[PDB]
């Protein structure tokens, strides 16, 4: 039922590595402070995404057993998860509580950031669905770790080695869902279901970025490696 001493250790370890990310307040304060042009917002996005991938590699490297994996599989796992991890972190930031009216302005500013209309609606649909689950910081951290250690990514040679690293994280998350929400036994399944919705963002991410209302779409050499751009 309750977490074991080893599971408690694993959870705290994951939490500490996860907390090394850029604070949600930093991002929302910038967006809420003043309205930017689509050109300025494209550049804010690429700088945010470059910092996010850098921190995500550092978080991934600390995941227990990640270093024992085949080097080609390590690259396949990171490249297969980076976009989903960015959207999950964006969903976490979006659902953080702010003073009355602030989340409405934040949404309005993001809707008018330069992103094409067809990509706006499914993004906020996913963000608001994540929000209804009322996830704790521990649930976002474990779910990010579960996203990274997905054995069903394209080009994985040893899927069973990946399965073995993901299984203890799914077990901790399942126990946490039963503890945080004991009235809702569907909570764990709802979280896993949200991961299938996350995968849809991969298929159109490159198109989403190239459709941004700017004259030129400049990306950093690291973003070109993780994204299907330039």
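Residue numbers count along the first chain shown, from 1. Here, rigid core means the biggest group of C-alpha atoms that superpose within 1.5 Å across both forms.
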Stretch farther from shown form by Cα RMS in 9 other deposited structures of this protein, picked from 31 to 39 and 195 to 203 after core fit, is 31 to 39
Of the two stretches 123 to 131 and 94 to 102, CA positions deviate more in 9 other deposited structures of this protein after rigid core alignment for 94 to 102
Once average C-alpha B-factors are taken from the entry for 184 to 192 and 56 to 64, the winner is 184 to 192
Going by the entry, of stretches 41 to 49 and 27 to 35 the one with greater average Cα B-factor is 27 to 35
Looking only at 152, 92, 139, 84, the Cα with the top B-factor belongs to 152
One of 198, 176, 170, 162 has the largest Cα B-factor in the entry, namely 176
Residue 115: C-alpha B-factor third of its chain, per the entry, is the middle
Entry-reported C-alpha B-factor of residue 108 relative to its chain, by third, is middle
Residue 79: CA temperature factor from the record, placed by chain third, in the lowest
Split the chain's modelled residues into thirds by Cα B-factor; residue 226 lands in the middle
Tertile call for residue 209 (CA temperature factor, within chain, third-based) is the middle
